[PDB]
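Colleague: Pasting in a structure now, in C-alpha cells, and then I'll have a few things to ask.
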Amino acid sequence: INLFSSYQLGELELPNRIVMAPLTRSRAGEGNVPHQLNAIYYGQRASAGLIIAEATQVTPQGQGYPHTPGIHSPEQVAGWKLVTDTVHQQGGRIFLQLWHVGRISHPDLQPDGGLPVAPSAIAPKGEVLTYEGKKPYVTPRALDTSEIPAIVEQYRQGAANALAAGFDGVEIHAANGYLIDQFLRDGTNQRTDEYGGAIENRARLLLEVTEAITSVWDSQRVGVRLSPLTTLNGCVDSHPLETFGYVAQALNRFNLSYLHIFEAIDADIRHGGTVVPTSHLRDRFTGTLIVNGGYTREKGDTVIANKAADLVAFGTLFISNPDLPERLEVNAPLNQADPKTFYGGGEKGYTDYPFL
Ligand SMILES: Cc1cc2nc3c(=O)[nH]c(=O)nc-3n(C[C@H](O)[C@H](O)[C@H](O)COP(=O)(O)O)c2cc1C
Ligand SMILES: CC(=O)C1=CC(C(C)=O)(C(C)=O)C=C[C@H]1C
Ligand SMILES: [Cl-]
Ligand code: NA
C-alpha cells in the first residue's frame, strides 16, 4: 500500500490516501456566508481522497478572525451547499471542520461586543486582528459550569447545519489552542469544577461535544483533530504524553471516522526531542489515523507502507497545487505557495494556482 491506495472510510470509498488538511482562507462574504468563489476553490481540489474544509465557527461567539465562514445560520447552510454541490459534481468528498475559537478572539468580533469565552480567564499575549486592524487581546470570561451544555448544543447545531449543507462528514477541531484544546491542556485550563484538574475532567468537553455530534451524524462520519505538540495560541500541556495518550484511548468508545494528528513542525527543535511520538497515539486509537505536517510523496508513502498511519493530510501544498494528487503521483514539479495571499482577498492566490 501507498499514498495512491484506495481506502474504506466507513461507507465512503476514498480513491487515494491523500487528504486536504483544513485551511483557514478568510474569504467568506457578508454574514460569514460562503459563495461561488469558495465552491470553485474546493471543486478544483476534488481529486483529494478527502477534503477537510476550513475551520468554520459553529456559533457567533466561536469566531476569532475576520471573514471566516460560519455554520450557524440558514444563509451559511445555503452558501456551503454551493460548495458541497460543486465538490460532489466533481466526484469528491468533503467534511466540514467545526470550530469555536474560545479565548482567541476580540470583543469586536463577538455578539454585542461581549467577551470571548474560555475555560479560564487567561488573556492571550499580544494583539489580535479586528475589522479595525490589530488590537490588544482582552481577558476571556471563564464559562460557568451551567453554561457547558450550551457550548455542547452549539456544536450539535453546527453539526446538524453541516448535515443540511450536504457535507459527507465533520471534523471536530480540538487542536491549535482553540476552545476544546483550551479545555484539554492544563496551561489554559485551571478550572476547579468537573471540567478542570484531572485528565478525565479536561477531556470532558471534547467527549461531550463528540457524543452530541454522534447524535446527528453516523459516528463513522465524525473525525477529531488534535495537535499534541503545538504551542500555537499560547496553549500548552505540561504532560502531553499522558494527556494525548489518554484522549486517544478515550475516543475509541465512539467508533469515530478517524483521529487526525497535526504533528508540529517545530516540536523537536523546541522541545529538545520527541515528547509525544505519533506511534504512541497510533497504538492507543484503534481506528483510522490521519497524520499531517510537512509531508511529501516520499514521507507519505513511507508512513502508509509502515502502517504508521492510514491517511496523510497536506495543507500548504494543497493551497498551491489544486491537482496535488496527480502531481505527487507522477513526481511533477509543485507550485510554490504564496503566504501573502493565504488569508483574505479573492481569486489571487486562491483559485488561480495552475493545474498541470
Ligand atoms: C493558511 C493556513 C490555514 C490553516 N487553517 C487551519 C484550520 O482552519 N484548521 C486547522 O486545524 N489547521 C489549520 N492550519 C494548519 C494546517 O491544517 C496544517 O496542519 C499545517 O499547515 C501543517 O501541514 P502542512 O505542512 O502540510 O502545511 C492552517 C495552516 C495554514 C498554512
Ligand atoms: C483554525 C486554525 O487552526 C488555524 C491554524 C493556524 C496555524 C497552524 O498556525 C493558527 C493556529 O494560527 C493558522 C490559521 C488558523 C486560523
Ligand atoms: Cl476538479
Ligand atoms: Na455512514
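Residue numbers start at 1 in each chain; chains themselves are named A, B, ... in the order of the C-alpha cells; ligands are numbered from 1 in the order shown.
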Determine which residues of region 134-259 of chain A receive a DSSP assignment of helix (DSSP H, G or I), computed from the backbone, and state them as JSON, numbers by chain.

Modeller: {"A": [145, 146, 147, 148, 149, 150, 151, 152, 153, 154, 155, 156, 157, 158, 159, 160, 161, 162, 163, 164, 179, 180, 181, 182, 183, 184, 199, 200, 201, 202, 204, 205, 206, 207, 208, 209, 210, 211, 212, 213, 219, 220, 221, 232, 233, 234, 240, 241, 242, 243, 244, 245, 246, 247, 248, 249, 250, 251, 252, 253, 254]}

Colleague: Ligand 3: which residues are within 10 Å, counting only C-alpha atoms and all ligand atoms, as JSON, numbers by chain?

Modeller: {"A": [40, 41, 42, 43, 44, 45, 46, 47, 48, 86, 87, 88, 89, 90, 91, 92, 322, 323, 355]}

Colleague: Go ahead and write the residues just picked, N, CA, C and O atoms, as a PDB file, in the first residue's frame.

Modeller:
ATOM      1  N   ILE A  40     -15.652  27.107  -6.227  1.00  0.00           N
ATOM      2  CA  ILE A  40     -14.646  26.820  -7.234  1.00  0.00           C
ATOM      3  C   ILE A  40     -13.357  26.309  -6.578  1.00  0.00           C
ATOM      4  O   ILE A  40     -12.763  25.333  -7.042  1.00  0.00           O
ATOM      5  N   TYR A  41     -12.891  26.997  -5.531  1.00  0.00           N
ATOM      6  CA  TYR A  41     -11.658  26.596  -4.841  1.00  0.00           C
ATOM      7  C   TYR A  41     -11.721  25.142  -4.384  1.00  0.00           C
ATOM      8  O   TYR A  41     -10.789  24.384  -4.634  1.00  0.00           O
ATOM      9  N   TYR A  42     -12.811  24.767  -3.699  1.00  0.00           N
ATOM     10  CA  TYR A  42     -12.849  23.378  -3.239  1.00  0.00           C
ATOM     11  C   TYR A  42     -13.092  22.417  -4.411  1.00  0.00           C
ATOM     12  O   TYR A  42     -12.544  21.303  -4.438  1.00  0.00           O
ATOM     13  N   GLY A  43     -13.906  22.825  -5.403  1.00  0.00           N
ATOM     14  CA  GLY A  43     -14.102  21.922  -6.544  1.00  0.00           C
ATOM     15  C   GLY A  43     -12.804  21.632  -7.298  1.00  0.00           C
ATOM     16  O   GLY A  43     -12.596  20.517  -7.789  1.00  0.00           O
ATOM     17  N   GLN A  44     -11.912  22.632  -7.370  1.00  0.00           N
ATOM     18  CA  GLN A  44     -10.616  22.459  -8.014  1.00  0.00           C
ATOM     19  C   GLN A  44      -9.793  21.341  -7.353  1.00  0.00           C
ATOM     20  O   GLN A  44      -8.907  20.801  -8.017  1.00  0.00           O
ATOM     21  N   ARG A  45     -10.046  21.099  -6.045  1.00  0.00           N
ATOM     22  CA  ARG A  45      -9.245  20.212  -5.197  1.00  0.00           C
ATOM     23  C   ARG A  45      -9.930  18.861  -4.992  1.00  0.00           C
ATOM     24  O   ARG A  45      -9.493  18.038  -4.160  1.00  0.00           O
ATOM     25  N   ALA A  46     -10.995  18.585  -5.768  1.00  0.00           N
ATOM     26  CA  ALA A  46     -11.845  17.432  -5.505  1.00  0.00           C
ATOM     27  C   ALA A  46     -11.179  16.089  -5.847  1.00  0.00           C
ATOM     28  O   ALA A  46     -11.754  15.043  -5.523  1.00  0.00           O
ATOM     29  N   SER A  47      -9.971  16.077  -6.431  1.00  0.00           N
ATOM     30  CA  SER A  47      -9.237  14.828  -6.619  1.00  0.00           C
ATOM     31  C   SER A  47      -8.642  14.291  -5.303  1.00  0.00           C
ATOM     32  O   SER A  47      -8.157  13.139  -5.273  1.00  0.00           O
ATOM     33  N   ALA A  48      -8.648  15.115  -4.238  1.00  0.00           N
ATOM     34  CA  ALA A  48      -8.250  14.645  -2.907  1.00  0.00           C
ATOM     35  C   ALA A  48      -9.070  13.412  -2.525  1.00  0.00           C
ATOM     36  O   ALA A  48     -10.285  13.388  -2.724  1.00  0.00           O
ATOM     37  N   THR A  86     -20.690  21.523  -5.646  1.00  0.00           N
ATOM     38  CA  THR A  86     -19.608  21.554  -6.634  1.00  0.00           C
ATOM     39  C   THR A  86     -18.655  20.376  -6.372  1.00  0.00           C
ATOM     40  O   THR A  86     -18.257  19.660  -7.311  1.00  0.00           O
ATOM     41  N   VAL A  87     -18.257  20.164  -5.107  1.00  0.00           N
ATOM     42  CA  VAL A  87     -17.309  19.070  -4.850  1.00  0.00           C
ATOM     43  C   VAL A  87     -17.912  17.730  -5.294  1.00  0.00           C
ATOM     44  O   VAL A  87     -17.217  16.898  -5.878  1.00  0.00           O
ATOM     45  N   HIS A  88     -19.194  17.510  -4.986  1.00  0.00           N
ATOM     46  CA  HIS A  88     -19.875  16.281  -5.400  1.00  0.00           C
ATOM     47  C   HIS A  88     -19.942  16.163  -6.930  1.00  0.00           C
ATOM     48  O   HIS A  88     -19.789  15.067  -7.470  1.00  0.00           O
ATOM     49  N   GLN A  89     -20.243  17.277  -7.614  1.00  0.00           N
ATOM     50  CA  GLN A  89     -20.310  17.252  -9.065  1.00  0.00           C
ATOM     51  C   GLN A  89     -18.965  16.818  -9.650  1.00  0.00           C
ATOM     52  O   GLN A  89     -18.920  16.173 -10.712  1.00  0.00           O
ATOM     53  N   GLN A  90     -17.874  17.146  -8.932  1.00  0.00           N
ATOM     54  CA  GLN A  90     -16.519  16.895  -9.401  1.00  0.00           C
ATOM     55  C   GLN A  90     -16.039  15.547  -8.880  1.00  0.00           C
ATOM     56  O   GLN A  90     -14.859  15.201  -9.071  1.00  0.00           O
ATOM     57  N   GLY A  91     -16.936  14.819  -8.193  1.00  0.00           N
ATOM     58  CA  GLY A  91     -16.637  13.447  -7.772  1.00  0.00           C
ATOM     59  C   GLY A  91     -15.791  13.342  -6.501  1.00  0.00           C
ATOM     60  O   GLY A  91     -15.171  12.282  -6.242  1.00  0.00           O
ATOM     61  N   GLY A  92     -15.793  14.415  -5.691  1.00  0.00           N
ATOM     62  CA  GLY A  92     -15.014  14.462  -4.463  1.00  0.00           C
ATOM     63  C   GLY A  92     -15.854  14.194  -3.208  1.00  0.00           C
ATOM     64  O   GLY A  92     -17.067  13.933  -3.271  1.00  0.00           O
ATOM     65  N   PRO A 322      -3.791  22.574  -6.937  1.00  0.00           N
ATOM     66  CA  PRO A 322      -5.155  22.064  -6.882  1.00  0.00           C
ATOM     67  C   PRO A 322      -5.211  20.580  -7.208  1.00  0.00           C
ATOM     68  O   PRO A 322      -5.980  19.836  -6.594  1.00  0.00           O
ATOM     69  N   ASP A 323      -4.358  20.183  -8.165  1.00  0.00           N
ATOM     70  CA  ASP A 323      -4.216  18.790  -8.576  1.00  0.00           C
ATOM     71  C   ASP A 323      -3.019  18.138  -7.860  1.00  0.00           C
ATOM     72  O   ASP A 323      -2.264  17.357  -8.464  1.00  0.00           O
ATOM     73  N   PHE A 355      -3.256  24.225 -12.821  1.00  0.00           N
ATOM     74  CA  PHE A 355      -3.204  22.781 -12.990  1.00  0.00           C
ATOM     75  C   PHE A 355      -2.035  22.413 -13.895  1.00  0.00           C
ATOM     76  O   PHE A 355      -1.490  23.248 -14.637  1.00  0.00           O
TER      77      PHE A 355
END

Colleague: Residues within 7 Å of region 239-242 of chain A, please, as a ChimeraX atom specification. Count only C-alpha atoms; anything in the same chain fewer than 2 positions from it doesn't count.

Modeller: /A:228,237,244-246,275-276

Colleague: Which one of A:123, A:209, A:226, A:14 sits closest to ligand 2 if you count only C-alpha atoms and all ligand atoms?

Modeller: A:226

Colleague: Please provide as an mmCIF file with N, CA and C atoms, in the first residue's frame all residues within 10 Å of residue 215 (chain A), with the sequence filter that same-chain residues fewer than 6 positions apart are discarded (counting only C-alpha atoms).

Modeller:
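Listed below is the output, around10.cif:
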data_model
loop_
_atom_site.group_PDB
_atom_site.id
_atom_site.type_symbol
_atom_site.label_atom_id
_atom_site.label_comp_id
_atom_site.auth_asym_id
_atom_site.auth_seq_id
_atom_site.Cartn_x
_atom_site.Cartn_y
_atom_site.Cartn_z
ATOM 1 N N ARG A 156 -23.592 20.771 18.540
ATOM 2 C CA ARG A 156 -24.584 19.855 17.963
ATOM 3 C C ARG A 156 -25.334 20.569 16.828
ATOM 4 N N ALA A 159 -23.101 20.901 13.770
ATOM 5 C CA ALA A 159 -23.028 19.635 13.039
ATOM 6 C C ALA A 159 -24.309 19.371 12.234
ATOM 7 N N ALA A 160 -25.472 19.696 12.827
ATOM 8 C CA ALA A 160 -26.752 19.498 12.140
ATOM 9 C C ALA A 160 -26.815 20.395 10.895
#

Colleague: At a cut-off of 6 Å and counting only C-alpha atoms and all ligand atoms, what residues surround ligand 2? Please answer as a PyMOL selection string.

Modeller: chain A and resi 24+55+176+232

Colleague: Among region 71-145 of chain A, which residues carry a DSSP assignment of strand (DSSP E), reported as a list in words?

Modeller: residues 94, 95, 96, 97, 98, 99, 117, 118, 127, 128, 129, 130, 133, 134, 135, 136, 141 and 142 of chain A

Colleague: From the list A:75, A:218, A:301, A:194, which residue is nearest ligand 4 when using only C-alpha atoms and all ligand atoms?

Modeller: A:218

Colleague: If we count only C-alpha atoms, what is near residue 314 (chain A) at a cut-off of 7 Å, once residues fewer than 3 positions away on the same chain are taken out, given as a list in words?

Modeller: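 Near neighbours after the sequence-gap exclusion: residues 19, 20, 21, 292, 295, 317 and 318 of chain A.
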
Colleague: Go ahead and write the residues just picked, N, CA, C and O atoms, as a JSON list (two decimals), in the first residue's frame.

Modeller:
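Writing the result to selection.json gives the following:
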[["chain", "number", "residue", "atom", "x", "y", "z"],
["A", 19, "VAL", "N", -5.27, 13.52, 1.87],
["A", 19, "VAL", "CA", -6.32, 14.37, 2.40],
["A", 19, "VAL", "C", -5.90, 15.84, 2.28],
["A", 19, "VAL", "O", -4.73, 16.18, 2.50],
["A", 20, "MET", "N", -6.88, 16.69, 1.92],
["A", 20, "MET", "CA", -6.65, 18.13, 2.02],
["A", 20, "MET", "C", -6.90, 18.56, 3.46],
["A", 20, "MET", "O", -8.01, 18.48, 3.94],
["A", 21, "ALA", "N", -5.85, 19.00, 4.15],
["A", 21, "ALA", "CA", -5.97, 19.47, 5.52],
["A", 21, "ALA", "C", -6.87, 20.71, 5.56],
["A", 21, "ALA", "O", -6.99, 21.46, 4.57],
["A", 292, "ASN", "N", -0.19, 14.51, 9.64],
["A", 292, "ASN", "CA", -0.08, 15.76, 8.91],
["A", 292, "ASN", "C", 1.11, 16.54, 9.47],
["A", 292, "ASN", "O", 1.43, 16.42, 10.64],
["A", 295, "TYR", "N", 4.53, 16.75, 5.16],
["A", 295, "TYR", "CA", 4.60, 15.54, 4.35],
["A", 295, "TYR", "C", 4.93, 15.81, 2.87],
["A", 295, "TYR", "O", 4.73, 16.91, 2.33],
["A", 317, "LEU", "N", 0.76, 22.40, 0.59],
["A", 317, "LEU", "CA", 0.88, 22.03, -0.82],
["A", 317, "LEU", "C", -0.48, 22.06, -1.52],
["A", 317, "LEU", "O", -0.54, 22.20, -2.74],
["A", 318, "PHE", "N", -1.57, 21.91, -0.77],
["A", 318, "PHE", "CA", -2.90, 21.96, -1.39],
["A", 318, "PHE", "C", -3.32, 23.40, -1.68],
["A", 318, "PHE", "O", -4.16, 23.62, -2.56]]

Colleague: Which residues are near ligand 1 - at most 9 Å, using only C-alpha atoms and all ligand atoms? Format: as a ChimeraX atom specification.

Modeller: /A:20-26,52-56,97,99,172-176,225-227,261-265,291-296,312-319,339,341-343

Colleague: When distances are computed from only C-alpha atoms and all ligand atoms, which of A:163, A:129, A:12, A:184 shows the smallest separation from ligand 4?

Modeller: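 Using only C-alpha atoms and all ligand atoms, the shortest distance to ligand 4 belongs to A:12.
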
Colleague: Restricting the calculation to only C-alpha atoms and all ligand atoms: of A:79, A:64, A:34, A:169, which residue gets closest to ligand 4?

Modeller: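 With only C-alpha atoms and all ligand atoms as the atom set, the closest residue is A:169.
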
Colleague: Let me have all residues with an atom within 8 Å of ligand 4, counting only C-alpha atoms and all ligand atoms, laid out as an MDAnalysis selection string.

Modeller: chainID A and resid 10:12 217:221
